[PDB]
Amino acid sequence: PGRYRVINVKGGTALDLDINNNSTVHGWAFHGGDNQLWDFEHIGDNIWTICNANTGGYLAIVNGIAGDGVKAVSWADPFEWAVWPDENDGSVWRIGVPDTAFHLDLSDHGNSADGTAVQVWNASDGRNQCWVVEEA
């Protein structure tokens, strides 16, 4: 479905599935490889699955239970995300565990460093929780 890149607003790096283990989700400088492209499938009511182009793995969280600092990971099963415009800047998006306050978060204050882990964390104003979803 609609294939998109997902760039962190604060870090400037792409949501990337580690090319070596195909499991760890981290920020990496955008190069346009399939591991940085994500198939957004609309389930309904602006709920989505987000499926890596490289592996077919779905964006999810380790062990499925949302909490502060639970890391993002690739799953063989679908995991549902709410995707909506940020409240302060309508031009960017949040990607969240549905009906929870746990938002997809670029760790270490949205560090631009390649390999910066992506996780979920309680919703804050931080642009490290804001993403640009755009075609590629």
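Note that residue numbering follows the sequence shown and begins at 1.
Higher-B stretch (mean Cα B-factor, as the entry records it), 38-46 or 59-67
That would be 38-46.
Mean C-alpha B-factor comparison - 7-15 and 120-128, higher one
Comparing averages over the C-alpha atoms only gives 120-128.
Compare the CA B factors listed in the entry for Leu106, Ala76, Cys51, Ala72 and report the winner.
Comparing C-alpha B-factors across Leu106, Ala76, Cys51, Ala72, the maximum falls on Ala76.
Would you mind checking where the Cα B-factor of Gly32 ranks among the modelled residues of its chain, as the lowest, middle or highest third?
Ranked within chain, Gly32 CA B lands in the middle tercile.
What third of the chain, by the recorded C-alpha B-factor, contains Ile95?
It belongs to the lowest third of the chain when residues are ordered by C-alpha B-factor.
Considering every modelled residue of the chain and its Cα B-factor in the PDB entry, is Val83 in the lowest, middle or highest third?
Tercile = middle for this residue's CA B-factor.
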